[PDB]
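Commentary on secondary and tertiary structure
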Amino acid sequence: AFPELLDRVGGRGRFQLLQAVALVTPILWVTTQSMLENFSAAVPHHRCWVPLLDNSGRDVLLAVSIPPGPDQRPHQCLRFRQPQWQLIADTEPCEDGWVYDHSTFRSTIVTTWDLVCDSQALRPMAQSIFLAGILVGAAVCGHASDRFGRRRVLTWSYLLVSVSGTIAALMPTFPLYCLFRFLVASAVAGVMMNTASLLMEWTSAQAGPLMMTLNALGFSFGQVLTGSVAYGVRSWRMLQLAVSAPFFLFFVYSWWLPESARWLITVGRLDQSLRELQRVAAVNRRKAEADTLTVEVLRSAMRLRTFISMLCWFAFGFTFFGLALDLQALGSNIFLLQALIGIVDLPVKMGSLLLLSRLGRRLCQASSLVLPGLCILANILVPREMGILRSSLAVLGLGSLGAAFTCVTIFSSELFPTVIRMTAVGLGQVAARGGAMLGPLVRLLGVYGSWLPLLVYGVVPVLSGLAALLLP
Ligand SMILES: CCc1oc2ccccc2c1C(=O)c1cc(Br)c(O)c(Br)c1
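For each chain, numbering begins from 1 and proceeds through the sequence as written. The entry may number the same residues differently, and residues missing coordinates are not shown. Hydrogens and waters are ignored; side-chain quantities use all the structure's heavy atoms.

cryo-EM is the method the PDB entry lists for this structure, together with a resolution of 3.5 Å.

When two helices pack together, their arrangement is given by the angle between the helix axes and by the axis-to-axis distance. Axes here refer to lines fitted to C-alpha atoms; in helices the fit is confined to the stretch in contact. Angles between the N-to-C directions go from 0 to 180 degrees. Elements are defined by DSSP. Helices are runs of H or I of four residues or more, strands are runs of E of two residues or more, and each kind is numbered from the N terminus. Packing of helix α2 (residues 15-32) against helix α8 (residues 207-232) leaves a shortest axis separation of 8 Å and a crossing angle of 50°. Our classification of the angle between α2 and α8 gives oblique. The hand of the α2/α8 crossing is right-handed. Contacts from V24, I27, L28, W29, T31 and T32 in α2 reach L214, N215, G218, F219, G222, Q223, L225 and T226 in α8. Grouping the amino acids of the contact of α2 with α8 by side-chain chemistry returns seven nonpolar, seven polar and no charged. Angle categories are assigned with fixed cut-offs, so that under 35 degrees is roughly parallel, over 145 is roughly antiparallel, 65 to 115 is roughly perpendicular, and the rest are oblique. Left-handed describes a crossing whose near helix is turned anticlockwise from the far helix through less than a right angle; right-handed describes the clockwise counterpart. Residues are treated as being in contact if the distance between any of their heavy atoms lies within 4.5 Å. For this classification, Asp, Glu, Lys and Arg are treated as charged, while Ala, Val, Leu, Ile, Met, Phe, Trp, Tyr, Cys and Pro are nonpolar and the rest, including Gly, are polar.

Let us look at the pattern of salt bridges. Basic side-chain nitrogens of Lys or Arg form a salt bridge, by our definition, when they fall within 4 Å of a carboxyl oxygen of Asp or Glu. Using the criterion set out here, one finds five salt bridges in the structure. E4 is the partner of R8 in a salt bridge, and the nearest nitrogen-oxygen pair spans 4.0 Å. Of this pair, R8 and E4 both sit in helix α1 (residues 2-9), four residues apart, which is roughly one turn of the helix. For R443, the salt bridge is made with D326, and the minimal N-O distance between the two is 4.0 Å. Note that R443 is positioned in the loop between α17 (422-432) and α18 (451-467) and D326 in the loop between α13 (304-323) and α14 (346-357), a separation of 117 residues in sequence.

This part covers the packing of aromatic side chains. Only rings of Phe, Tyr and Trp enter the pairing, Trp through its six-membered ring, and a pair is recorded when the two centres are within 6.5 Å. The plane angle decides the type: under 30 degrees is stacked, over 60 is edge-to-face, the rest tilted. If you walk through the whole model with that rule in mind, you get 20 aromatic pairs. Consider the rings of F247 and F250, whose centres lie 6.1 Å apart with planes at 35°: the pair is tilted. Within this pair, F247 and its partner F250 are both found in helix α9 (residues 237-253), separated by three residues, close to a single helical turn. Both residues of the pair, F247 and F250, count as buried. Aromatic pair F316 and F405: ring centres 6.2 Å apart, planes at 5°, arrangement stacked. Throughout, exposure labels follow a simple rule: accessible area from a 1.4 Å probe, protein chains only, divided by the maximum for the residue type, with under 20% read as buried, over 50% as exposed, and the rest as partly exposed.

Next up, the structure:
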């Protein structure tokens, strides 16, 4: 009978707008802490330390000291034992440390801990560990927000994000940085599920479109907050602090938001629920029907399609979270991409949805997965002679893969007996954050050709979208 009390107490109005505003803002920084592994773990050009150069014809010394490399560059992993002055066979690996290029980044984690050359597989694992953390944090938090409430967990998760982000920026060794990022990811997943649920519960029956639109449209401007804070702070020890600092201020003000009124009824905390409903009504200024609440009323109140959705969610999660955490290979000028993956997400999603829904729901579902797969697949074909075309396709693709996140939820998830969609939307997400941990692991296949990662990242969504045409 809870919708009746909600209608008696409000619906739209004022409070349901300030709550949405105060809950949407953390989503931007939540995005910031997930795509931050693109400007923090950046790999600049690295060469081998030499006694002749870099103190104890500059080009002549560079040519005589380092053997030439395959890709029209000096070798990044080998050096001459002695100066081969015959150049107007016998080589050893770098043992005096590397020298890096300090022209766009001052200090990345790679520069600090030498994650190059033989120790290359370490870099694509710090993101898999992060996503695994997200999964294990979104699994536990489910059976946590039922014995602790729903508002307290959000505040403690804000505090945990703040503390873990601050601590992870002052570690002296790699494994501690891997572990504290794991904790950060778990807390971030908890924040994102609790915020979604809190936005869900307090709203009326019209929670379907508006709130789920606001959550996504929040992630988009998010990308543009990374782009920006980056252009500003370049180092890596001063970036994690500058990103995790706002969460403490968020926790400080999160102590006043009223707790969800539906959970309080089912556990027997009637008096606090009455107080929360009364304060919500007072905020909403609809203090006319609040008199009727005299406790007694609240006392009385107290298979093929599923598989197709699973594959669609899995394909969406795998390609995006494995080709968007490597934008240094999709082009150049990183502080422009990871900053245009957003202004090309909102017009594109709106226009594509509006145009393709009238054709049909299944046509819209199919057209949103084959298109970006083909777009990404075409990227390897075009040579590097024209940069603008080399970089244009990826933005539109990764942009349209974002369109699945919305299209496959507010237009999909009805492919079932149609009782309530909330028992299917959650089931889809387990595969997304359970295939992104199987994401950047594909980038570990840089050896044995460099085109295979892009080929896989393009073919998998293509096959998923094409098989989606086999619904009957
Ligand atoms: C543009 C689409 C999009 O952009 C992001 C940027 C940062 C974090 C999540 C997302 C995101 C998601 O839809 C999403 C949400 C959750 Br929850 C996940 O576990 C995974 Br994987 C992906």
